[PDB]
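Residues per chain, in single letters:
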Protein chains: 4
Amino acid sequence: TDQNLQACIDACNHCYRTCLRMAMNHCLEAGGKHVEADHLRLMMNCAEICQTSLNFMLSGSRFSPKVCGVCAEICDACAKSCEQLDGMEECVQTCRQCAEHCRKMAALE
Amino acid sequence: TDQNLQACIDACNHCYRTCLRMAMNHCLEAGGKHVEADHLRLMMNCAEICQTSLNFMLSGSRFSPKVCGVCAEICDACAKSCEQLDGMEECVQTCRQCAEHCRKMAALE
Amino acid sequence: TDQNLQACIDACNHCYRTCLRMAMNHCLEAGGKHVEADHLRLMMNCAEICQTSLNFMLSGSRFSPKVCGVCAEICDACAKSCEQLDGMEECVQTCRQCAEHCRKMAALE
Amino acid sequence: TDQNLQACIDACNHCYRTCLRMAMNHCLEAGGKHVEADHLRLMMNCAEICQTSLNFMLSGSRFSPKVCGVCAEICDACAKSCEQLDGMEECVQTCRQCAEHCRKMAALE
């Protein structure tokens, strides 16, 4: 548990940083499909939910599993959205990893 | 939808403000059971999740229903925790209302 | 103080909701200049700082004045950015009001 | 700049995680002076401001210097508050480091 918890914390933290950074930088400066309504919203949503999951686990919440389950779903969708664009390889990777760790946390409940 | 969406937004916003305010003020200044580990964490968790739900709906996320479902669960638990303490009547009320609106949003998915 | 504090809280809360909503909806769906790098970042930054100011005041922080001073600066810049675009009248208005209340809070320190 | 920016980002991220974790865990489970109104508020305020600074820099905001200046002030105060309690050595350390990097960012403006 000590290991899994810390592994999901770092994953959510990494994915949150990556989604926010790329959306507010790479995507905004590339325009076109990178700034399409559904994609950008998802990008920000993903950063938001990951940050929430991170905070719940940092605070020792007993509701982390539930929050993580939702986070995994949003991460998977964000990863698929990023598959369409280029230079977004780093985002696809982090969103898949985070989703996997979050699913493991959700399976605890 | 226009009405329900706005109703749940105001409910989450109100409950988020109330939970944060009371936890960081009333509860901290009362000590005793008001600052018990499980209660305070829940209080902050509830404020966090409500703020997340609020942000998802404000941003027009298609994942609001899912997030709201989790928010309703945390709100119900926070409401029960506040039933134990005194001067917490306002928190019980707002947590119940928010949970109800969030359940309505979750039922959309 | 009781009045001023509550007035700045509602102003920050209103401006935060407005900036997030319009950026993630109106601006993203309008494209063009509405999604220009500097403008959108500012929009999100403004929503972020207002949310932080709101949280500091809700929590009874003694550092609210300082945070509010920074919030006023960002709100003024966001208001000017929105003056360029159309349909953004509501954002200009809320950013100016919030900036004024925040300046009043900052003047307390 | 590339180095300094990344150094302050990791510092704020580390300090934010540490303040939230310790406040919601160690301090809440220790009670006594660890849960004193002013100390806990500061702890949460510090986590909040650091998270805001982190987000501003991640998003490439031109207002990071200003936000960081405020963050450094709150970090210094939180570090002094933690000097009073025991087992809080890790928090004192991270709050001092973050404050130093934030001061460097603020000096850019």
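- This entry, as listed in the PDB, derives from X-ray crystallography and reports a resolution of 2.300 Å.

- Within the Protein Data Bank, this record goes by the title "Crystal Structure of Nmul_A1745 protein from Nitrosospira multiformis, Northeast Structural Genomics Consortium Target NmR72".

**Re the overall build of chain A**
Step number 1: Counting its secondary structure elements, chain A contains four helices and zero strands.
Step number 2: Across chain A, helices and strands are ordered from the amino to the carboxyl terminus as α-α-α-α.
Step number 3: Taken over the C-alpha trace, chain A has a radius of gyration of 13 Å; the compact-globule value for 109 residues is 13 Å, and the two agree within 12%.
Step number 4: Across its three principal axes, chain A shows a C-alpha extent of roughly 40 × 20 × 20 Å.
Step number 5: Long-range pairs, those at least 24 residues apart, make up 70% of the contacts in chain A with a sequence separation of at least 6.
Step number 6: Counting every atom, chain A has about 4300 Å² of accessible surface; 46% of that belongs to carbon and sulfur.
Step number 7: The average position of the 10 basic charges and that of the 14 acidic charges among the side chains of chain A differ by 4 Å.

**What about the packing of helix α1 (residues 2-30) of chain C against helix α2 (residues 37-58) of chain C?**
Residues and elements named next belong to chain C.
Step number 1: Contact pair α1 / α2: the axes reach a minimum separation of 8 Å and the direction vectors enclose 150°. Taken together, the axes of α1 and α2 lie roughly antiparallel to each other. Crossing geometry of α1 relative to α2 is assigned as left-handed.
Step number 2: The residue makeup of the contact of α1 with α2, split by class, is 22 nonpolar, four polar and no charged.

**Focus on the relation of the copies chain A and chain B**
Step number 1: Turning chain A through 180° and shifting it by 0.0 Å along the axis lays it on chain B, with an RMSD of 0.0 Å. What the rotation and shift describe, once combined, is the action of a two-fold rotation axis. Residue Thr52 of chain A, judged by its C-alpha, is the member of chain A lying nearest the rotation axis, at 3.6 Å.
Step number 2: In this assembly, 100% of the residues forming the interface of chain A have copies in chain B that are likewise at the interface, indicating an isologous arrangement.

Criteria and thresholds
Residues numbered from 1 in each chain as written, not as in the entry; some residues may be left out. Chains lettered and ligands numbered in written order. Heavy atoms only, no water. Helix = DSSP H or I, 4+ residues; strand = E, 2+ residues; numbered from the N terminus. Rg over C-alpha atoms; globule rule 2.2 N^0.38 Å. Contact = heavy atoms within 4.5 Å. Areas by Shrake-Rupley, 256 points an atom, 1.4 Å probe, with all protein chains shown as cover. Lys, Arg positive; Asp, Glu negative; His and termini not counted. Charge placed at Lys NZ, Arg CZ, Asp CG, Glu CD. Axes fitted to C-alpha atoms, helices over the stretch in contact; angles between N-to-C directions. Parallel < 35°, antiparallel > 145°, perpendicular 65-115°, else oblique. Left-handed = near helix turned anticlockwise from the far one by under 90°. Nonpolar A, V, L, I, M, F, W, Y, C, P; charged D, E, K, R; others polar. Least-squares fit on C-alpha atoms.

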